């Protein structure tokens, strides 16, 4: 039983909903708490200066996450997000200085807590809105189980609402309230020996180090020409590539995609915001289509679908007209091998956004897998989001442990398949 999440505008696990509907859970533009939340005595909030990668805040944040952020259930691996990754993930177009939220010990200046939000644009069925993604919630291990997390969550919620934004998207590797979808982790082994040394996999009794290497090999027998890293001048072409992809998989009519309800212009009024509610005749009207996804304008594309060594890899395929027709992308996160003082980290690729128009998605992922290998990634990870299950099904991906639950704050979304979701969080 929750004591915090039961009070919040989210669909609860006990939820009995007559129908599949979309829309705001509450329209409360003026009634939220505006006063800063109290921390334990001796602690203080600060706006985390991630705007200069050399700053002390950035160093403190890197250290806090390195030692206290997400681990696997068995505490064998912990994420080790680089500063360059964090800068790409958090200093996004439109970001607010006050959406990077730190907790400091006044006596020692030690940073003991962090939470962040980034602005994104999203379509949800027939509505479009500016919203927030909350990520990198982190509390020092020595401060856990003291109910600080809700304080951090309440404070970031306040700071988002001060920007006239009343919804948020977030994921969790555990069930909290009722998730609108559940993603499954899949892993493609690239560097067998490194991952054996790290304990990520073992050597089966019916196999050898060498048979294992042969089995997990990325095939090269069939390559696809025309792929190159994206550059900044591709942004307009990439942007249109995404519009086309989302138009292709829309779950509303063409007239509706072109005339989405802009929740930003109506969320100040209980009466007008009602417009955003939508009943859905049948959940099968959504089958095989995308219902919620991020929207990118050209400045977003320039930032997200770029190439930064050891952070983000974006390739596009040109046709004979030198028009961009396909795109793959993946970001790179190192993980600490918690119990291995000698080989201490592994470099993992994570599928981001992928668009196949002139090749199959399987062919695209195969080109991306080779590129990830050539980027010194030890494994390639993906979720069964969008059309990825097509690649995962008939492949050498191995299932991960646990599941990734998707949440939206203060919005109703029926429970949907992850194929219907085009939201990737870092």
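Positions refer to the first chain, counted from 1. Only the largest set of C-alpha atoms that superpose within 1.5 Å between the two forms is called the rigid core.
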(message) So, in 4 other deposited structures of this protein, taking the root mean square over structures and residues of the Cα distances after a rigid core fit: is 187 to 195 or 335 to 343 the more displaced stretch?
(response) 335 to 343
(message) If the other structures are each fit on the rigid core, which stretch ends up farther away in C-alpha terms in 4 other deposited structures of this protein, 6 to 14 or 20 to 28?
(response) 20 to 28
(message) Going by the mean C-alpha B-factor recorded in the entry, which is higher: 21 to 29 or 398 to 406?
(response) 21 to 29
(request) Between 57 to 65 and 357 to 365, name whichever shows the higher mean Cα B factor according to the PDB entry. (result) 357 to 365
(request) Tell me which of 207, 122, 151, 313 tops the list for C-alpha B factor in the record. (result) 207
(message) Comparing recorded Cα B-factors across 261, 103, 133, 238, which one is largest?
(response) 261
(message) Split into thirds by Cα B-factor across the chain's modelled residues, where does residue 45 land: lowest, middle or highest?
(response) middle
(request) Taking the chain's C-alpha temperature factors as the reference, tell me which third residue 142 falls into: lowest, middle or highest. (result) middle
(request) Would you mind checking where the Cα B-factor of residue 159 ranks among the modelled residues of its chain, as the lowest, middle or highest third? (result) lowest
(request) Give the position of residue 296 by CA B-factor within its chain, expressed as the lowest, middle or highest third. (result) highest
(request) Could you tell me which third, lowest, middle or highest, the C-alpha B-factor of residue 95 occupies within its chain? (result) middle
